[PDB]
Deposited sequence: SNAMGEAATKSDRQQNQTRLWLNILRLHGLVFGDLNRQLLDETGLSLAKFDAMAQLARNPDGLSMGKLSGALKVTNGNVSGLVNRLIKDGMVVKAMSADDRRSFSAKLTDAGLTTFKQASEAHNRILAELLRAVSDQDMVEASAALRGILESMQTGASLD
């Protein structure tokens, strides 16, 4: 293995470690506090940003967590009374938007708590490097 292959192995394993450590706890705590999944919270965030409504494809395209069988994810949200159901454009119910703001508060508190020992410098440097990686992947 070259420096480069070793660099790549290491990087991806690190992303997977941080991703897993944050996701499992964020998800389990968001559920306990709010009864919302991270996958659910994620979908609602795209819709709260877009109050004119989003189609299944554009919603799917905007998700930060991959899938949820997107329509099956939307189906759970409709049954929960978060997304309106009277091709489909998805909008938060009035109560979905109230829940979203409370859940948004909870989400950022939980994340802050998970990262509470993490230094600003490490976060700024990880982020500037990951943005560089992303940019060059186009």
Quiz item: Hey, which stretches of the deposited sequence didn't make it into the model?
Solution: 1-9, 96-102, 155-160
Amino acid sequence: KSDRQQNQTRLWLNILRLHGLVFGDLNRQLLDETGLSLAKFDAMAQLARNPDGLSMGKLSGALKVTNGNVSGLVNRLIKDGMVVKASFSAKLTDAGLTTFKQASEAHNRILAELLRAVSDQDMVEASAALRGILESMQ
From here on, numbers count along this sequence of modelled residues.
Exercise. Could you say whether, by C-alpha temperature factor, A112 belongs to the lowest, middle or highest third of its chain?
Key: middle
Quiz item: If you rank the chain by CA B-factor, which third does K64 end up in: lowest, middle or highest?
Solution: middle
Quiz item: Split the chain's modelled residues into thirds by Cα B-factor; is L11 in the lowest, middle or highest one?
Solution: lowest
Self-check item: CA B-factor ranking of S55, expressed as a third of its chain
Solution: lowest
Quiz item: Hey, what third does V124 fall into on Cα B-factor, ranked over its chain?
Solution: highest
